[PDB]
$ cat work-v2.pdb   # PDB, C-alpha atoms and all ligand atoms
ATOM      1  CA  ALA A   1     109.563 100.107  97.175  1.00  0.00           C
ATOM      2  CA  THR A   2     112.606 100.338  94.899  1.00  0.00           C
ATOM      3  CA  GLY A   3     113.909  96.832  94.190  1.00  0.00           C
ATOM      4  CA  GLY A   4     110.482  95.270  94.703  1.00  0.00           C
ATOM      5  CA  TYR A   5     110.915  95.167  98.504  1.00  0.00           C
ATOM      6  CA  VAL A   6     107.741  95.297 100.609  1.00  0.00           C
ATOM      7  CA  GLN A   7     108.165  98.156 103.060  1.00  0.00           C
ATOM      8  CA  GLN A   8     105.019  99.416 104.787  1.00  0.00           C
ATOM      9  CA  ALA A   9     104.805 101.642 107.875  1.00  0.00           C
ATOM     10  CA  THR A  10     102.175  99.419 109.556  1.00  0.00           C
ATOM     11  CA  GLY A  11     101.142  95.830 109.316  1.00  0.00           C
ATOM     12  CA  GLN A  12     100.990  92.369 110.817  1.00  0.00           C
ATOM     13  CA  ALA A  13     104.135  90.507 111.778  1.00  0.00           C
ATOM     14  CA  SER A  14     105.497  87.454 113.488  1.00  0.00           C
ATOM     15  CA  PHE A  15     108.121  87.823 116.213  1.00  0.00           C
ATOM     16  CA  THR A  16     110.984  85.712 117.593  1.00  0.00           C
ATOM     17  CA  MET A  17     114.117  86.380 119.638  1.00  0.00           C
ATOM     18  CA  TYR A  18     117.739  86.066 118.591  1.00  0.00           C
ATOM     19  CA  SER A  19     121.141  86.449 120.214  1.00  0.00           C
ATOM     20  CA  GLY A  20     124.289  88.192 119.128  1.00  0.00           C
ATOM     21  CA  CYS A  21     123.363  91.457 117.414  1.00  0.00           C
ATOM     22  CA  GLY A  22     126.636  93.352 117.892  1.00  0.00           C
ATOM     23  CA  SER A  23     127.754  93.148 114.267  1.00  0.00           C
ATOM     24  CA  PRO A  24     124.492  93.414 112.348  1.00  0.00           C
ATOM     25  CA  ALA A  25     123.754  93.763 108.654  1.00  0.00           C
ATOM     26  CA  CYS A  26     123.281  97.548 108.711  1.00  0.00           C
ATOM     27  CA  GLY A  27     126.929  97.838 109.858  1.00  0.00           C
ATOM     28  CA  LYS A  28     126.215  99.691 113.120  1.00  0.00           C
ATOM     29  CA  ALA A  29     124.770  98.175 116.260  1.00  0.00           C
ATOM     30  CA  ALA A  30     122.769 100.188 118.729  1.00  0.00           C
ATOM     31  CA  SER A  31     122.750 100.264 122.454  1.00  0.00           C
ATOM     32  CA  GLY A  32     119.006  99.957 123.066  1.00  0.00           C
ATOM     33  CA  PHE A  33     116.238  97.641 121.857  1.00  0.00           C
ATOM     34  CA  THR A  34     116.941  96.369 118.350  1.00  0.00           C
ATOM     35  CA  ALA A  35     115.629  93.924 115.819  1.00  0.00           C
ATOM     36  CA  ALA A  36     116.341  92.188 112.564  1.00  0.00           C
ATOM     37  CA  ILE A  37     113.605  92.345 109.927  1.00  0.00           C
ATOM     38  CA  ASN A  38     112.835  89.835 107.201  1.00  0.00           C
ATOM     39  CA  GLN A  39     114.772  90.344 103.934  1.00  0.00           C
ATOM     40  CA  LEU A  40     111.740  91.368 101.841  1.00  0.00           C
ATOM     41  CA  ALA A  41     111.319  94.358 104.195  1.00  0.00           C
ATOM     42  CA  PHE A  42     115.003  94.923 105.033  1.00  0.00           C
ATOM     43  CA  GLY A  43     115.783  96.133 101.527  1.00  0.00           C
ATOM     44  CA  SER A  44     119.052  94.314 100.866  1.00  0.00           C
ATOM     45  CA  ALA A  45     120.505  90.833 100.522  1.00  0.00           C
ATOM     46  CA  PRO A  46     123.344  89.208 102.499  1.00  0.00           C
ATOM     47  CA  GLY A  47     126.607  90.863 101.550  1.00  0.00           C
ATOM     48  CA  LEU A  48     125.106  93.906  99.832  1.00  0.00           C
ATOM     49  CA  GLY A  49     125.172  96.248 102.801  1.00  0.00           C
ATOM     50  CA  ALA A  50     122.453  98.277 104.497  1.00  0.00           C
ATOM     51  CA  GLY A  51     118.858  98.323 103.274  1.00  0.00           C
ATOM     52  CA  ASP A  52     116.237 101.001 103.732  1.00  0.00           C
ATOM     53  CA  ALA A  53     114.886  99.425 106.953  1.00  0.00           C
ATOM     54  CA  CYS A  54     118.179 100.362 108.651  1.00  0.00           C
ATOM     55  CA  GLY A  55     117.773 102.698 111.572  1.00  0.00           C
ATOM     56  CA  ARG A  56     113.970 102.932 111.375  1.00  0.00           C
ATOM     57  CA  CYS A  57     112.028 102.514 114.617  1.00  0.00           C
ATOM     58  CA  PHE A  58     108.930 100.398 115.119  1.00  0.00           C
ATOM     59  CA  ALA A  59     106.446  99.812 117.917  1.00  0.00           C
ATOM     60  CA  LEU A  60     105.843  96.053 118.160  1.00  0.00           C
ATOM     61  CA  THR A  61     102.771  94.525 119.840  1.00  0.00           C
ATOM     62  CA  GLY A  62     102.236  90.787 120.279  1.00  0.00           C
ATOM     63  CA  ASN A  63      98.738  89.324 120.720  1.00  0.00           C
ATOM     64  CA  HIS A  64      98.938  85.613 119.797  1.00  0.00           C
ATOM     65  CA  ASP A  65     101.312  82.691 120.272  1.00  0.00           C
ATOM     66  CA  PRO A  66     101.110  80.483 117.115  1.00  0.00           C
ATOM     67  CA  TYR A  67     102.881  77.656 119.002  1.00  0.00           C
ATOM     68  CA  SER A  68     100.567  77.873 122.009  1.00  0.00           C
ATOM     69  CA  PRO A  69      97.418  78.846 120.231  1.00  0.00           C
ATOM     70  CA  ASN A  70      95.270  78.258 123.365  1.00  0.00           C
ATOM     71  CA  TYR A  71      97.043  81.089 125.237  1.00  0.00           C
ATOM     72  CA  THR A  72      95.051  84.287 125.780  1.00  0.00           C
ATOM     73  CA  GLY A  73      97.549  86.288 127.799  1.00  0.00           C
ATOM     74  CA  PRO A  74      99.168  88.058 129.367  1.00  0.00           C
ATOM     75  CA  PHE A  75     101.318  89.080 126.500  1.00  0.00           C
ATOM     76  CA  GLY A  76     104.379  91.212 126.952  1.00  0.00           C
ATOM     77  CA  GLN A  77     104.674  94.897 126.564  1.00  0.00           C
ATOM     78  CA  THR A  78     104.679  96.924 123.389  1.00  0.00           C
ATOM     79  CA  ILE A  79     108.317  97.836 122.678  1.00  0.00           C
ATOM     80  CA  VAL A  80     110.010 100.281 120.341  1.00  0.00           C
ATOM     81  CA  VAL A  81     112.921  98.733 118.426  1.00  0.00           C
ATOM     82  CA  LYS A  82     115.450 100.174 116.044  1.00  0.00           C
ATOM     83  CA  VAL A  83     116.083  97.876 113.056  1.00  0.00           C
ATOM     84  CA  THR A  84     119.779  97.175 112.761  1.00  0.00           C
ATOM     85  CA  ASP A  85     119.822  93.757 111.146  1.00  0.00           C
ATOM     86  CA  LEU A  86     118.640  91.406 108.409  1.00  0.00           C
ATOM     87  CA  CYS A  87     116.814  88.100 108.758  1.00  0.00           C
ATOM     88  CA  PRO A  88     117.684  86.503 105.389  1.00  0.00           C
ATOM     89  CA  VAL A  89     115.270  84.265 103.505  1.00  0.00           C
ATOM     90  CA  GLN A  90     118.082  81.684 103.296  1.00  0.00           C
ATOM     91  CA  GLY A  91     118.178  79.683 106.509  1.00  0.00           C
ATOM     92  CA  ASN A  92     115.001  81.321 107.893  1.00  0.00           C
ATOM     93  CA  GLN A  93     112.214  79.909 105.787  1.00  0.00           C
ATOM     94  CA  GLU A  94     109.592  79.607 108.533  1.00  0.00           C
ATOM     95  CA  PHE A  95     109.642  83.216 109.720  1.00  0.00           C
ATOM     96  CA  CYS A  96     111.644  85.232 107.188  1.00  0.00           C
ATOM     97  CA  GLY A  97     110.888  83.433 103.917  1.00  0.00           C
ATOM     98  CA  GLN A  98     108.611  86.127 102.500  1.00  0.00           C
ATOM     99  CA  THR A  99     109.476  86.662  98.803  1.00  0.00           C
ATOM    100  CA  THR A 100     107.963  88.343  95.825  1.00  0.00           C
ATOM    101  CA  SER A 101     106.583  84.879  94.794  1.00  0.00           C
ATOM    102  CA  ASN A 102     105.093  84.166  98.270  1.00  0.00           C
ATOM    103  CA  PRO A 103     104.912  87.325 100.377  1.00  0.00           C
ATOM    104  CA  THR A 104     103.783  85.700 103.637  1.00  0.00           C
ATOM    105  CA  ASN A 105     105.680  83.333 105.885  1.00  0.00           C
ATOM    106  CA  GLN A 106     104.517  79.988 107.318  1.00  0.00           C
ATOM    107  CA  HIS A 107     102.421  81.828 109.908  1.00  0.00           C
ATOM    108  CA  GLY A 108     100.711  83.901 107.220  1.00  0.00           C
ATOM    109  CA  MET A 109     102.590  87.036 108.196  1.00  0.00           C
ATOM    110  CA  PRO A 110     103.949  89.485 105.580  1.00  0.00           C
ATOM    111  CA  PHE A 111     106.691  90.787 107.983  1.00  0.00           C
ATOM    112  CA  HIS A 112     108.847  89.355 110.748  1.00  0.00           C
ATOM    113  CA  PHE A 113     110.949  90.951 113.480  1.00  0.00           C
ATOM    114  CA  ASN A 114     113.657  89.031 115.321  1.00  0.00           C
ATOM    115  CA  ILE A 115     114.049  90.933 118.568  1.00  0.00           C
ATOM    116  CA  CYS A 116     117.598  90.920 119.912  1.00  0.00           C
ATOM    117  CA  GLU A 117     117.922  89.416 123.408  1.00  0.00           C
ATOM    118  CA  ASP A 118     121.289  91.065 124.171  1.00  0.00           C
ATOM    119  CA  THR A 119     119.962  94.573 124.812  1.00  0.00           C
ATOM    120  CA  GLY A 120     116.763  93.570 126.634  1.00  0.00           C
ATOM    121  CA  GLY A 121     114.066  93.867 123.947  1.00  0.00           C
ATOM    122  CA  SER A 122     113.062  90.220 123.995  1.00  0.00           C
ATOM    123  CA  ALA A 123     112.647  90.010 127.754  1.00  0.00           C
ATOM    124  CA  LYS A 124     110.288  92.985 127.630  1.00  0.00           C
ATOM    125  CA  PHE A 125     108.224  91.658 124.739  1.00  0.00           C
ATOM    126  CA  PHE A 126     107.910  87.888 125.188  1.00  0.00           C
ATOM    127  CA  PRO A 127     106.034  86.537 128.226  1.00  0.00           C
ATOM    128  CA  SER A 128     108.084  83.857 129.997  1.00  0.00           C
ATOM    129  CA  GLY A 129     107.696  80.550 128.186  1.00  0.00           C
ATOM    130  CA  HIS A 130     106.701  82.022 124.845  1.00  0.00           C
ATOM    131  CA  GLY A 131     109.309  82.384 122.118  1.00  0.00           C
ATOM    132  CA  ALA A 132     107.162  83.173 119.119  1.00  0.00           C
ATOM    133  CA  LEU A 133     104.272  85.588 118.748  1.00  0.00           C
ATOM    134  CA  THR A 134     102.243  87.309 116.061  1.00  0.00           C
ATOM    135  CA  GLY A 135     100.730  90.785 116.240  1.00  0.00           C
ATOM    136  CA  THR A 136     101.201  94.223 114.773  1.00  0.00           C
ATOM    137  CA  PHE A 137     103.869  96.771 114.069  1.00  0.00           C
ATOM    138  CA  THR A 138     103.782 100.477 113.460  1.00  0.00           C
ATOM    139  CA  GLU A 139     106.698 102.579 112.349  1.00  0.00           C
ATOM    140  CA  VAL A 140     107.202 105.408 114.821  1.00  0.00           C
ATOM    141  CA  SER A 141     109.489 108.327 115.330  1.00  0.00           C
ATOM    142  CA  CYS A 142     112.853 107.393 116.803  1.00  0.00           C
ATOM    143  CA  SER A 143     112.011 110.005 119.441  1.00  0.00           C
ATOM    144  CA  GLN A 144     110.235 106.993 120.989  1.00  0.00           C
ATOM    145  CA  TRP A 145     113.378 104.817 120.960  1.00  0.00           C
ATOM    146  CA  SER A 146     115.879 104.876 123.847  1.00  0.00           C
ATOM    147  CA  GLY A 147     119.616 104.459 123.532  1.00  0.00           C
ATOM    148  CA  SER A 148     122.639 105.392 121.446  1.00  0.00           C
ATOM    149  CA  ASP A 149     124.072 104.078 118.212  1.00  0.00           C
ATOM    150  CA  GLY A 150     127.277 102.108 117.956  1.00  0.00           C
ATOM    151  CA  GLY A 151     130.230 102.960 115.799  1.00  0.00           C
ATOM    152  CA  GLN A 152     130.594 102.159 112.091  1.00  0.00           C
ATOM    153  CA  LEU A 153     131.842  98.597 111.553  1.00  0.00           C
ATOM    154  CA  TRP A 154     132.650  98.988 107.825  1.00  0.00           C
ATOM    155  CA  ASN A 155     132.486 101.600 105.112  1.00  0.00           C
ATOM    156  CA  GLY A 156     128.919 102.070 103.984  1.00  0.00           C
ATOM    157  CA  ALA A 157     127.355 101.219 107.366  1.00  0.00           C
ATOM    158  CA  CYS A 158     124.069 103.105 107.740  1.00  0.00           C
ATOM    159  CA  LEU A 159     121.344 103.766 110.322  1.00  0.00           C
ATOM    160  CA  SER A 160     120.063 106.887 108.496  1.00  0.00           C
ATOM    161  CA  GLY A 161     116.489 105.573 108.697  1.00  0.00           C
ATOM    162  CA  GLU A 162     116.543 106.829 112.285  1.00  0.00           C
ATOM    163  CA  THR A 163     115.646 110.353 111.122  1.00  0.00           C
ATOM    164  CA  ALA A 164     113.496 109.566 108.112  1.00  0.00           C
ATOM    165  CA  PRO A 165     109.745 110.098 107.771  1.00  0.00           C
ATOM    166  CA  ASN A 166     107.867 106.841 107.765  1.00  0.00           C
ATOM    167  CA  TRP A 167     107.742 104.622 104.691  1.00  0.00           C
ATOM    168  CA  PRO A 168     107.183 105.285 101.914  1.00  0.00           C
ATOM    169  CA  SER A 169     110.441 107.311 101.923  1.00  0.00           C
ATOM    170  CA  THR A 170     114.176 106.749 101.452  1.00  0.00           C
ATOM    171  CA  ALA A 171     117.082 106.990 103.851  1.00  0.00           C
ATOM    172  CA  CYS A 172     119.811 104.310 103.502  1.00  0.00           C
ATOM    173  CA  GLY A 173     118.155 103.024 100.305  1.00  0.00           C
ATOM    174  CA  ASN A 174     117.514  99.529  99.023  1.00  0.00           C
ATOM    175  CA  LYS A 175     120.177  97.367  97.440  1.00  0.00           C
ATOM    176  CA  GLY A 176     119.603  95.047  94.545  1.00  0.00           C
ATOM    177  CA  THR A 177     116.345  93.245  93.908  1.00  0.00           C
ATOM    178  CA  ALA A 178     113.995  91.690  96.437  1.00  0.00           C
ATOM    179  CA  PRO A 179     114.128  87.882  96.930  1.00  0.00           C
ATOM    180  CA  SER A 180     111.854  85.845  94.678  1.00  0.00           C
TER     181      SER A 180
HETATM  182  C1  LIG B 201     118.243  87.616 112.467  1.00  0.00           C
HETATM  183  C2  LIG B 201     119.254  86.556 112.098  1.00  0.00           C
HETATM  184  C3  LIG B 201     120.666  87.162 112.084  1.00  0.00           C
HETATM  185  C4  LIG B 201     121.761  86.322 111.446  1.00  0.00           C
HETATM  186  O1  LIG B 201     121.462  86.035 110.086  1.00  0.00           O
HETATM  187  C5  LIG B 201     119.207  85.422 113.089  1.00  0.00           C
HETATM  188  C6  LIG B 201     117.876  84.718 113.078  1.00  0.00           C
HETATM  189  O2  LIG B 201     117.844  83.741 114.099  1.00  0.00           O
END

$ encode --input "work-v2.pdb" --output "structure tokens"
Amino acid sequence: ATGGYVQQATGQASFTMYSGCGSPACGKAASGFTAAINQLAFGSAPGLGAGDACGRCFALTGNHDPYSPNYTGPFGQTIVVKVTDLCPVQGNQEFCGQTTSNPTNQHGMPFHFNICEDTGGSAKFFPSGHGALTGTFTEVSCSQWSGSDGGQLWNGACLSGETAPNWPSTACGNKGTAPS
């Protein structure tokens, strides 16, 4: 996509949980299941505002635990998240370090979602005792996402992806150039 970001409607991803998503990189939180996405897919860099992932909805399905590779199930449920946040390359090399020089992370995945714990997504998705998974994602209509958006936290905040056709397409737009 514009900026050299890698933004595909479907693919393979790794998954982790995180806490504290009330002031996320898109500049609006959402009261429903949400995630951060790795920088190369987010479409912006820290401090440059919303990227084109902002507001888009994705169905996430886990089917492997890379840290418990002998585990065959049960996995959690498929969940639909709205992307509100950025997982920067800096400080997140293992899961979010995809760049234009090396477009997969340490688990071989070209995308990563950090599912926010606060609003319940992680408890639905991760079986008890598992904090990292790999699997698939598919961008879906936000008709499949439940909840309401939060208020704008700063000028330029954007969740416009929530009404966009799937990638490739443009809603909030990408900022700057993808990490290398
Ligand atoms: C998704 C990140 C948000 C703060 O940079 C946290 C990853 O643990």

$ residues_near_ligand --input "work-v2.pdb" --ligand "ligand LIG 201 (chain B)" --cutoff "6 Å" --atoms "all atoms listed in the file" --output "PyMOL selection string"
chain A and resi 18+36+86-87+114

$ residues_around --input "work-v2.pdb" --residues "residue 90 (chain A)" --least-positions-apart "2" --cutoff "10 Å" --atoms "only C-alpha atoms" --output "list in words"
residues 39, 45, 46, 87, 88, 92, 93, 96, 97 and 179 of chain A

$ atom_distance --input "work-v2.pdb" --atom1 "CA of residue 37 (chain A)" --atom2 "CA of residue 121 (chain A)"
14.1 Å

$ resolve_selection --input "work-v2.pdb" --expression "the PyMOL selection byres (((chain A and resi 99) around 10) and not hetatm)" --output "ChimeraX atom specification"
/A:4-6,38-41,89,96-98,100-105,110,178-180

$ write_last_selection --input "work-v2.pdb" --atoms "C-alpha atoms" --output "PDB file, in the coordinates of the input"
ATOM      1  CA  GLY A   4     110.482  95.270  94.703  1.00  0.00           C
ATOM      2  CA  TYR A   5     110.915  95.167  98.504  1.00  0.00           C
ATOM      3  CA  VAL A   6     107.741  95.297 100.609  1.00  0.00           C
ATOM      4  CA  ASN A  38     112.835  89.835 107.201  1.00  0.00           C
ATOM      5  CA  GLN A  39     114.772  90.344 103.934  1.00  0.00           C
ATOM      6  CA  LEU A  40     111.740  91.368 101.841  1.00  0.00           C
ATOM      7  CA  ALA A  41     111.319  94.358 104.195  1.00  0.00           C
ATOM      8  CA  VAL A  89     115.270  84.265 103.505  1.00  0.00           C
ATOM      9  CA  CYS A  96     111.644  85.232 107.188  1.00  0.00           C
ATOM     10  CA  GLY A  97     110.888  83.433 103.917  1.00  0.00           C
ATOM     11  CA  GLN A  98     108.611  86.127 102.500  1.00  0.00           C
ATOM     12  CA  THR A 100     107.963  88.343  95.825  1.00  0.00           C
ATOM     13  CA  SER A 101     106.583  84.879  94.794  1.00  0.00           C
ATOM     14  CA  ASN A 102     105.093  84.166  98.270  1.00  0.00           C
ATOM     15  CA  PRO A 103     104.912  87.325 100.377  1.00  0.00           C
ATOM     16  CA  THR A 104     103.783  85.700 103.637  1.00  0.00           C
ATOM     17  CA  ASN A 105     105.680  83.333 105.885  1.00  0.00           C
ATOM     18  CA  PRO A 110     103.949  89.485 105.580  1.00  0.00           C
ATOM     19  CA  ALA A 178     113.995  91.690  96.437  1.00  0.00           C
ATOM     20  CA  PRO A 179     114.128  87.882  96.930  1.00  0.00           C
ATOM     21  CA  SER A 180     111.854  85.845  94.678  1.00  0.00           C
TER      22      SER A 180
END

$ closest_residue --input "work-v2.pdb" --among "A:72, A:10, A:34, A:106" --to "residue 136 (chain A)" --atoms "only C-alpha atoms"
A:10

$ resolve_selection --input "work-v2.pdb" --expression "the PyMOL selection byres (((chain A and resi 60-63) around 6) and not hetatm)" --output "PDB file with C-alpha atoms, in the coordinates of the input"
ATOM      1  CA  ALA A  59     106.446  99.812 117.917  1.00  0.00           C
ATOM      2  CA  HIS A  64      98.938  85.613 119.797  1.00  0.00           C
ATOM      3  CA  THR A  78     104.679  96.924 123.389  1.00  0.00           C
ATOM      4  CA  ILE A  79     108.317  97.836 122.678  1.00  0.00           C
ATOM      5  CA  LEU A 133     104.272  85.588 118.748  1.00  0.00           C
ATOM      6  CA  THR A 134     102.243  87.309 116.061  1.00  0.00           C
ATOM      7  CA  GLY A 135     100.730  90.785 116.240  1.00  0.00           C
ATOM      8  CA  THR A 136     101.201  94.223 114.773  1.00  0.00           C
ATOM      9  CA  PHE A 137     103.869  96.771 114.069  1.00  0.00           C
TER      10      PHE A 137
END

$ closest_residue --input "work-v2.pdb" --among "A:53, A:172, A:25, A:109" --to "residue 158 (chain A)" --atoms "all atoms listed in the file"
A:172

$ axis_aligned_box --input "work-v2.pdb" --around "region 101-109 of chain A" --padding-each-side "3 Å" --output "lines of an AutoDock Vina configuration file"
center_x = 103.6
center_y = 83.7
center_z = 102.4
size_x = 11.9
size_y = 13.3
size_z = 21.1

$ atom_distance --input "work-v2.pdb" --atom1 "CA of residue 116 (chain A)" --atom2 "CA of residue 75 (chain A)"
17.7 Å

$ decode --input "work-v2.pdb" --residues "region 56-75 of chain A" --atoms "N, CA, C and O atoms" --output "CSV table (one decimal), in the first residue's frame"
chain,number,residue,atom,x,y,z
A,56,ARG,N,-10.6,-0.6,11.0
A,56,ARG,CA,-10.9,-1.8,10.3
A,56,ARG,C,-11.2,-3.0,11.3
A,56,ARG,O,-10.6,-3.1,12.3
A,57,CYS,N,-12.1,-3.9,10.8
A,57,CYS,CA,-12.4,-5.1,11.7
A,57,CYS,C,-11.9,-6.4,11.1
A,57,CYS,O,-12.0,-6.5,9.8
A,58,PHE,N,-11.5,-7.3,11.9
A,58,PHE,CA,-10.9,-8.5,11.5
A,58,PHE,C,-11.3,-9.6,12.4
A,58,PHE,O,-11.4,-9.5,13.6
A,59,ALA,N,-11.6,-10.8,11.7
A,59,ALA,CA,-11.9,-12.0,12.4
A,59,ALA,C,-10.6,-12.7,12.6
A,59,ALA,O,-9.9,-13.0,11.6
A,60,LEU,N,-10.3,-13.0,13.8
A,60,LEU,CA,-9.0,-13.7,14.2
A,60,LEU,C,-9.3,-15.1,14.7
A,60,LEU,O,-10.2,-15.3,15.5
A,61,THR,N,-8.5,-16.1,14.2
A,61,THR,CA,-8.6,-17.5,14.5
A,61,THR,C,-7.3,-18.0,14.9
A,61,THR,O,-6.3,-18.0,14.1
A,62,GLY,N,-7.1,-18.5,16.1
A,62,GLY,CA,-5.9,-19.2,16.5
A,62,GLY,C,-5.9,-20.7,16.4
A,62,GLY,O,-6.9,-21.3,16.6
A,63,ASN,N,-4.8,-21.3,16.0
A,63,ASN,CA,-4.8,-22.7,15.8
A,63,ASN,C,-3.4,-23.4,16.1
A,63,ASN,O,-3.2,-24.5,15.8
A,64,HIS,N,-2.5,-22.6,16.8
A,64,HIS,CA,-1.2,-23.2,17.2
A,64,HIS,C,-0.7,-22.3,18.3
A,64,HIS,O,-0.9,-21.1,18.3
A,65,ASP,N,0.0,-22.9,19.3
A,65,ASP,CA,0.7,-22.2,20.3
A,65,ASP,C,2.2,-22.4,20.1
A,65,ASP,O,2.7,-23.5,20.4
A,66,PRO,N,2.9,-21.4,19.6
A,66,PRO,CA,4.4,-21.5,19.3
A,66,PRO,C,5.2,-21.8,20.5
A,66,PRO,O,6.3,-22.3,20.4
A,67,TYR,N,4.7,-21.4,21.7
A,67,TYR,CA,5.4,-21.6,23.0
A,67,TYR,C,5.0,-22.9,23.6
A,67,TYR,O,5.6,-23.4,24.6
A,68,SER,N,4.0,-23.6,23.1
A,68,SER,CA,3.6,-24.9,23.7
A,68,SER,C,3.3,-25.7,22.4
A,68,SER,O,2.1,-26.0,22.1
A,69,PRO,N,4.3,-26.0,21.6
A,69,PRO,CA,4.0,-26.5,20.3
A,69,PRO,C,3.4,-27.9,20.4
A,69,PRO,O,2.9,-28.4,19.4
A,70,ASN,N,3.4,-28.6,21.5
A,70,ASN,CA,2.7,-29.9,21.6
A,70,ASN,C,1.2,-29.9,21.8
A,70,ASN,O,0.6,-30.9,21.8
A,71,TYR,N,0.7,-28.7,21.9
A,71,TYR,CA,-0.7,-28.5,22.3
A,71,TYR,C,-1.6,-28.5,21.0
A,71,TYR,O,-1.4,-27.8,20.0
A,72,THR,N,-2.7,-29.3,21.1
A,72,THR,CA,-3.5,-29.5,19.9
A,72,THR,C,-4.9,-28.9,20.0
A,72,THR,O,-5.7,-29.0,19.1
A,73,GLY,N,-5.2,-28.3,21.2
A,73,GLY,CA,-6.5,-27.7,21.5
A,73,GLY,C,-7.0,-28.1,22.8
A,73,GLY,O,-6.4,-29.0,23.5
A,74,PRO,N,-8.1,-27.5,23.2
A,74,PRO,CA,-8.9,-26.6,22.4
A,74,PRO,C,-8.3,-25.2,22.3
A,74,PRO,O,-7.6,-24.7,23.2
A,75,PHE,N,-8.5,-24.6,21.2
A,75,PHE,CA,-8.1,-23.2,21.1
A,75,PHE,C,-9.3,-22.4,21.5
A,75,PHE,O,-10.3,-22.9,22.0
